[PDB]
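Chains as they are written, first to last, in PDB author numbering: chain A, 2 to 573; chain B, 2 to 573; chain C, 192 to 287. Just so you know, even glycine gets a beta-carbon here, dropped at the ideal spot from N, CA and C.
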Amino acid sequence: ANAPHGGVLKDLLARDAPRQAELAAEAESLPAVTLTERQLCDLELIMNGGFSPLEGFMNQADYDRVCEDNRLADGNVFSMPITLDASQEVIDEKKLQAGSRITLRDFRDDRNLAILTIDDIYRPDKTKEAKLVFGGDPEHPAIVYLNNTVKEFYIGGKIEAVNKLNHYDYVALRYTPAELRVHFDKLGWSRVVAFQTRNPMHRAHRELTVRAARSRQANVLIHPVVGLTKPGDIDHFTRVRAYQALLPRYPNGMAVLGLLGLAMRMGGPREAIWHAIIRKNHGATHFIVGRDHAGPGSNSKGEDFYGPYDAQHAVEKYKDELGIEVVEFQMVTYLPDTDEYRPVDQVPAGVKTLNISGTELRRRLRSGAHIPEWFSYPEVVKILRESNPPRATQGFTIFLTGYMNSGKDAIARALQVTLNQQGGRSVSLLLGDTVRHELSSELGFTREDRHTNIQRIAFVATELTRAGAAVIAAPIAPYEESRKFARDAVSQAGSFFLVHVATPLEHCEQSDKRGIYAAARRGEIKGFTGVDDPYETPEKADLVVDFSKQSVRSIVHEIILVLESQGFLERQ
Amino acid sequence: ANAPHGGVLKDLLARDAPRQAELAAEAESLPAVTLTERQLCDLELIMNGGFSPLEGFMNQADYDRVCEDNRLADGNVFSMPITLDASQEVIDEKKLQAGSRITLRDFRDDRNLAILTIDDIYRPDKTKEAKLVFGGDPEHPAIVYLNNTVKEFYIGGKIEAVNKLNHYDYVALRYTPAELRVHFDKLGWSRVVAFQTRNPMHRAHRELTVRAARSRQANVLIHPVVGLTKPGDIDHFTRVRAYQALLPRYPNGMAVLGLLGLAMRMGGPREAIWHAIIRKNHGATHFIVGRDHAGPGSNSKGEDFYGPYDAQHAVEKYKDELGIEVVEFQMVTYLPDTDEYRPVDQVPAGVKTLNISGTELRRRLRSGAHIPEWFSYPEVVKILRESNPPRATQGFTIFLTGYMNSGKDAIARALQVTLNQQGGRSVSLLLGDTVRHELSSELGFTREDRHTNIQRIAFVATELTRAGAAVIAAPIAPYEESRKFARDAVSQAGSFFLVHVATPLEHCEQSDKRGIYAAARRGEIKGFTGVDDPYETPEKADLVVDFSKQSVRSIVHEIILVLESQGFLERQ
Amino acid sequence: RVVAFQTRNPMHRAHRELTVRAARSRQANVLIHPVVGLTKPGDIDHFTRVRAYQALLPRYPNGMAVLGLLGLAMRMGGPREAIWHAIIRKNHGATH
Ligand SMILES: Nc1ncnc2c1ncn2[C@@H]1O[C@H](COP(=O)(O)OS(=O)(=O)O)[C@@H](O)[C@H]1O
Ligand SMILES: Nc1ncnc2c1ncn2[C@@H]1O[C@H](COP(=O)(O)OS(=O)(=O)O)[C@@H](O)[C@H]1O
Ligand SMILES: Nc1ncnc2c1ncn2[C@@H]1O[C@H](COP(=O)(O)OS(=O)(=O)O)[C@@H](O)[C@H]1O
Ligand SMILES: Nc1ncnc2c1ncn2[C@@H]1O[C@H](COP(=O)(O)OS(=O)(=O)O)[C@@H](O)[C@H]1O
């Protein structure tokens, strides 16, 4: 191990252990504030010493010296603002003011975690934070969070610990700075290189780590983030399973896997200084920083937020103040002819190098294509495939919208039979009327009530899509707002296709065998779509059909052809 | 081919083809009755001649001579009642009476299929039908349908054809008596043995068929039922897929697969006579009847509805009147030492016989265990496993019930994380409050409203279970009625587990940090479970736990152990 | 709407793609209509070819293609034979 940053490990949970009962009791009495997931990651690392010397959510004095000088008021280096935000309504409703004692509660199990004592309650310049800490790009994940999720005020204050967060996943692999230190001891280690990561580890990474181990004569701590990462990365359960598949590739007893409940910001260079501090608090003697450490890639105009290696420079600016040795690496690649990996600054400008990008990997994962062993070990690839299956087995939703009696309900049942013939997956059919009877029996037909209904279809459709089913829904869905809502939700889990059954109102009305359009026409049914209520025509549907000009059979054939072109009907 | 039963093939669709336009027009005007799925099977076979001489739903004259003499008023043999039932309310509302002309409509695509001209409208003695046609056992499928689904009155009458049903599955393998006949012709066939079936075909069945073909010097017609079959058999898409996998096992051009839209009743002996008639109408010169033909096995008290071979006797009783040659077979088995199959009565008492029962098969499918090639071909077994996966990949539902704030919500989230760690499937979490917000935002807390809510959970749970998900739901679910409803729905698709979080009301109330039990106590919240509304305690739950005596972590561990003992956590 | 595909050889991947492309573009069903009468002097016998076409069918989405044999005696007349083929397919009912 190594000494904590600042000299004292701020293990608030060990400090306040003797007062637990009392603190608990006192916590039942104060006004409680319930934490967001990101504040819960921060609170966990504060309470266990991970953010030493910090020992509570930053007050303005501390905050400002970081927002601009990468230091805490006490002078210690610290590059990342760690604050507890709240809205004016909560500040008032709870009567929060300096010197107040609030309880911080776990939204997951309602437990009282800590008691914070307010120093101040300031309103920060979200623009200067945006710009001074996370570069300035509005597309940057941290900045987007800063504006859309972070409330208006920051409540600074020291923390006293009531309970350690509960976690039900991987408890034996989670460690507090104190526990990890005791472990390095139990193992008899003295020099430990820590490896940060928010992705599955491939061949190249196994090499960085063994290289660092060999060069610094150190043991390896694979220390992945399991809290919050970049917006769309592979879930942590898949990643942990992947890190575990990799362990057997190191010589017996050389590496140890320990999980870090950090909530990354993707602050590139700053986040890198921050990471070094954290690993030092956890007891690592060395820490790897490679290409694009903690970087979130590039923005929409294709410009990338930080340059490669900038984070290595930043962590370098404080070589003398960060009490942990950084081990640098340049992009590592594969040399086919020699069958080896090395940093680019070691390949003779004439030698052949291979590399599979993020995009190429997703392409192969999606298509079922082979992924080279020089790239990633077999057991790892297997795990990745189990989580990101090919289109051949992914679920999807076919969303149908059109006037009542436009043929959308017959098209839906035929598509269902057709896909059951096709065979790949379980097919769930949600006909407008079925949804109305089974899920929305009590809603009405007001714009708000219809919107609610379509949201209900989307909630169900998303869970079925996530389980790999083929969901077929055919409600009227008059408003573009509900439809886009539907599409956004399902898209979180898989493909969503909007098929607009644009059969003309006259046709629909003239063939209604249930005299519903009739009753509407004689005012027995108020606000009926097409007669009273509107029908916002879909602007950019994936497919437009007409039961006036095409038959159920060929409309079905057209939908099938779309699923086919995108690989959903391939063989599993 | 062979001549229709009664001499004239009742191809109503071919008959009325010239009057299509007119009949169509007239159909738009009469009061329409919408057909159930079973009536649609019956209607399809009536209109195409499959039930020749019959040519409409049976009127009481025809009906009664069958209810008891296995003959139609015209004398011809016919052992199965084919009627169109309706309730008093429909008979009135539509003003149905003798001489009336009703339109019969397809509930699938709303199309107008036929026009029936009412002869009579009688109220049948469901107990005499039950007893004279389907033996008398109340557990018999047909009987259970007779009492729970069949309405109170039967409406007799001849039929005129407007449209042929539409089908989107396997249209090229579906055939009308007329098409089949033209096909036997095209192929140059003259003797045709037809094979009835509602199950995947194994080795034994390939042997019956080739034996009958060799003996009667005939070609083979594999003629499976694709309409309605016994309550829990393998769906017809999986079966057709399995029949198609089998074809290559016959010598080139010896067998033809054709599907029959029949709605079986599982009437053993009578159904057998009926099948002979149907196959005759379709043009088959011979028809196989083996052990337990059309039988639904045995009742609950273990007594089996019909005896083996009884159906062979009954079809024999009319050898002279059924114009098609029956080919009998005794149970066929496998002789290991010789590696051959033959009927039992041709097996010496000396010899050993291998056989895999229905139960042994489901046991192996459920466990992933190997299924011998002497029993069924590899491609067939493959298809069967795709449809009936091992417990290792089946979905399931964990249903939690207990008082508000009994810990069921925290248990639920922990179980979710736990199963995500575990890994096999997609996990959907439906917490009481989430369900209320996402699916029942408008319901209240009236016995009816809660019951509605639990049904809504069950609807969504069933669809997810069917797609192989692990569904975790934790609503209060105060009434046993709602719970049993939930259990019955999910069970249709997979396993359901009821976990009663029996945490005592006092404990729940005393730990409520949201002051909800408080507001209930000072009447601000009417009918709150435990304070006003009741909580019917679960009588036979799969697991009972108490957040007062056990912790979330071990409650979760107890659930996990249950899933494990039943094979759900095995490896896929 | 039926796109017909003429052929006197086994169908490989490339051909499976033409056909699905035409089907998608002309919003049509596929009629794999191979010659089984007389073909170029040394091509693969028709029994082997039919066997091959049959092995290919499962590669199209269920119910999208139909295999029908044509008893034609090709001449290998390039351009003229092409006009001829269009006529023949039209007589057989293909729309494309
Ligand atoms: N091919 C590579 N060559 C060198 N360093 C790399 C390479 N890939 C990743 N790294 C470095 O190894 C760690 C792996 O990072 P990632 O999990 O991809 O994302 S990060 O946000 O944690 O940096 C970081 O230190 C990163 O800079
Ligand atoms: N005011 C109404 N407008 C449209 N359909 C209605 C209305 N009142 C009842 N219905 C019936 O309810 C179904 C329409 O329901 P949905 O498709 O669920 O509509 S949506 O607006 O929410 O998309 C059809 O059976 C329709 O006949
Ligand atoms: N082992 C067997 N030996 C001989 N005939 C059999 C055997 N199993 C089933 N059969 C017969 O073959 C047909 C197929 O049987 P099933 O599809 O299981 O059930 S049935 O209800 O349609 O008859 C029927 O004639 C049946 O009695
Ligand atoms: N009368 C009530 N009884 C119980 N819970 C209620 C009542 N009114 C509101 N609630 C709230 O709604 C949830 C209980 O809802 P459910 O579990 O969905 O009830 S259930 O009986 O229909 O299963 C808890 O958040 C509870 O505080």
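In whole angstroms, give me the CA-to-CA distance for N148/A and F58/A.
Along the first sequence, read from residue 1 onward, the residue named residue 148/A stands at position 147. Along the first sequence, read from residue 1 onward, the residue named residue 58/A stands at position 57. Taking C-alpha positions only, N148/A is separated from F58/A by approximately 19 Å.
Run the proximity test for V436/B: is its beta-carbon closer than 7 Å to any non-hydrogen atom belonging to ligand 4?
Here residue 436/B refers to the residue found at position 435 when the second sequence is read from its first residue. Indeed, a heavy atom of ligand 4 lies less than 7 Å from the Cβ.
Answer with yes or no whether the minimum CB distance from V172/B to chain C is below 8 Å.
Within the second sequence, numbered from 1, the residue matching residue 172/B stands at position 171. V172/B counts as touching chain C.
With residue 1/B as the anchor, note down where its beta strand (DSSP E) starts and where it stops.
Given a span of 2 to 573 for chain B in the structure shown, any question on residue 1/B remains unanswerable.
Quick check on the DSSP output: the alpha helix (DSSP H) that includes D107/B runs from which residue to which?
Against the second sequence, residue 107/B aligns to sequence position 106. Annotation for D107/B: no alpha helix (DSSP H) segment contains it, though the beta strand (DSSP E) segment containing it runs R102 to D107.
Measuring CA to CA, which of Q417/A, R367/A, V546/A and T398/A is closest to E571/A?
As a first step, residue 571/A must be located in the first sequence, where it is residue number 570. If we check each option's Cα against that of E571/A, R367/A comes out closest.
Can you pull every residue whose C-beta falls closer than 5 Å to some heavy atom of ligand 1, listed in chain order?
Every residue whose Cβ sits closer than 5 Å to any heavy atom of ligand 1 is listed here in chain order: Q197/A, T198/A, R199/A, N200/A, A205/A, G291/A, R292/A, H294/A, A295/A, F330/A, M332/A and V333/A.
Give me whichever residues DSSP pairs with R343/A in a beta bridge.
Residue numbering aside, residue 343/A sits at position 342 when the first sequence is read from its first letter. Partner(s): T334/A.
Is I399/A near ligand 2, going by C-beta to nearest heavy atom under 7 Å?
As a working mapping, residue 399/A is identified with position 398 in the first sequence. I399/A: no, Cβ never under 7 Å from ligand 2.
Ignoring anything shorter than 3 residues, give me the beta strand (DSSP E) runs that lie fully in the segment 267–338 of chain A, in order along the chain.
Fully enclosed beta strand (DSSP E) runs of 3 or longer: 287–290, 326–329 and 333–336.
If we define contact as Cβ-Cβ less than 8 Å, is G254/C a contact residue for chain B?
Against the third sequence, residue 254/C aligns to sequence position 63. Cβ-Cβ to chain B under 8 Å: yes for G254/C.
Would you report the Cα separation of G100/A and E510/B, rounded to the nearest angstrom?
Here the question's residue 100/A lines up with position 99 in the first sequence. Here the question's residue 510/B lines up with position 509 in the second sequence. Each residue's alpha carbon lies about 32 Å from the other.
Got a sec? Which residues, its chain only, sit under 7 Å from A4/A by beta carbon, not counting five neighbours each side?
The residue labelled residue 4/A in the question sits at position 3 within the first sequence. Answer for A4/A: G324, listed in chain order.
What are the residues in the segment 444–460 of chain A lying within 7 Å of chain B by C-beta distance?
Within the segment 444–460 of chain A, the residues whose Cβ lies closer than 7 Å to some Cβ of chain B are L444, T453, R457 and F460, listed in chain order.
Does DSSP put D86/B in a helix, a strand or coil?
As a working note, residue 86/B is residue 85 in the second sequence. Residue state, collapsed to three classes: strand.
Per DSSP, what kind of secondary structure is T150/B in: helix, strand or coil?
Locating residue 150/B in the second sequence gives position 149, counting from the first residue. For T150/B, the secondary structure class from DSSP, reduced to helix, strand or coil, is coil.
Identify whether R72/A lies in helix, strand or coil by the three-state DSSP scheme.
Taking the first sequence and counting its residues from 1, the one referred to as residue 72/A is at position 71. Note: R72/A maps to strand in three-state DSSP.
Just by C-beta distance, which residues in the segment 557–571 of chain A are closer than 9 Å to chain C?
For the segment 557–571 of chain A, which is checked against every Cβ of chain C, the residues closer than 9 Å are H558, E559, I561, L562, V563, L564, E565, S566 and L570.
Within-8 Å CB hit, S368/A to chain C:
Taking the first residue of the first sequence as position 1, residue 368/A is located at position 367. So, not an interface residue.
Need the endpoints of the beta strand (DSSP E) that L544/B sits in, please.
Start at 1 with the first residue of the second sequence, and residue 544/B comes out as number 543. Start and end: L544 to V546.
Neighbourhood of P309/A by C-beta distance below 6 Å, restricted to the same chain and skipping five residues each side
To locate residue 309/A, count along the first sequence from 1; it is residue 308. Here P309/A has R292 and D293 as same chain residues with Cβ atoms under 6 Å from its own Cβ, once five neighbours each way along the sequence are excluded.
List, in order along the chain, the chain C residues whose C-beta lies closer than 9 Å to that of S301/A?
On the first sequence, position 300 is the one that residue 301/A refers to. Within 9 Å of the CB of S301/A, no CB atom of chain C is found; the nearest one sits about 32 Å away.
Residue span of the beta strand (DSSP E) that contains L222/C, given as start and end
Here residue 222/C is taken as the residue at index 31 of the third sequence, counted from 1. Counted as a single uninterrupted DSSP element, the beta strand (DSSP E) harbouring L222/C occupies residues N220 to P225.
Closer than 7 Å: is that where the CB of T35/B sits relative to any heavy atom of ligand 2?
Numbered from 1 along the second sequence, position 34 holds the residue referred to as residue 35/B. No heavy atom of ligand 2 is found nearer than 7 Å to the CB of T35/B.
Just to check, is the beta-carbon of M405/A closer than 7 Å to a non-hydrogen atom of ligand 2?
In the first sequence, residue 405/A corresponds to position 404, counting from 1. Within the cutoff, so yes.
Roughly how many angstroms separate the alpha carbons of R207/B and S492/B, rounded to a whole number?
The residue you call residue 207/B lines up with position 206 of the second sequence. The residue you call residue 492/B lines up with position 491 of the second sequence. Each residue's Cα considered, the two are about 33 Å apart.
Say yes only if the C-beta of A413/B is nearer than 7 Å to one or more non-hydrogen atoms of ligand 4, and no if none qualify.
If you number the second sequence from 1, residue 413/B lands on position 412. No, the beta carbon of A413/B sits no closer than 7 Å to any heavy atom of ligand 4.
Is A490/B near ligand 4, judged by its Cβ being under 7 Å from some heavy atom?
For the purposes of this step, residue 490/B is taken as residue 489 along the second sequence, with counting starting at 1. Flag unset: Cβ of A490/B not near ligand 4.
Alpha-carbon to alpha-carbon, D543/A and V472/A:
Your numbering for residue 472/A matches position 471 in the first sequence. Your numbering for residue 543/A matches position 542 in the first sequence. One C-alpha to the other measures close to 16 Å.
Would you check if the distance between the CB atom of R426/A and the CB atom of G396/A is smaller than 8 Å?
The residue labelled residue 426/A in the question sits at position 425 within the first sequence. The residue labelled residue 396/A in the question sits at position 395 within the first sequence. Yes, the pair counts as a contact, with Cβ atoms nearer than the cut-off.
Using a cut-off of 9 Å between C-beta atoms, extract the partners of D75/A located in chain B.
Within the first sequence, residue 75/A is the residue found at index 74, counting from 1. Under the 9 Å cutoff, chain B gives no residues; its nearest Cβ is about 36 Å from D75/A.
Which full runs of the alpha helix (DSSP H) of 4+ residues lie inside the segment 431–475 of chain B, going along the chain?
Residue ranges of uninterrupted alpha helix (DSSP H) with 4 or more members, entirely inside the segment 431–475 of chain B and ordered along the chain, are 433–439 and 448–467.
Between which two residues does the alpha helix (DSSP H) holding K129/A run?
The residue given as residue 129/A occupies position 128 in the first sequence. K129/A -> alpha helix (DSSP H) spans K127 to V134.
Note the first and the last residue of the continuous alpha helix (DSSP H) segment covering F400/B.
Reading the second sequence from its first residue, position 399 is the one you call residue 400/B. Looking at the DSSP string, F400/B is not in any alpha helix (DSSP H); the run it does join, the beta strand (DSSP E), is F397 to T402.
Kindly say whether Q245/C, judged by its beta-carbon, lies nearer than 8 Å to any beta-carbon of chain A.
Along the third sequence, one-based indexing puts residue 245/C at 54. Nearest CB-CB separation between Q245/C and chain A: not below the 8 Å threshold.
Which of the three DSSP states, helix, strand or coil, is assigned to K159/B?
Working through the second sequence from its first residue, we reach residue 159/B at position 158. Shown here, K159/B sits in a strand according to DSSP, grouped into three states.
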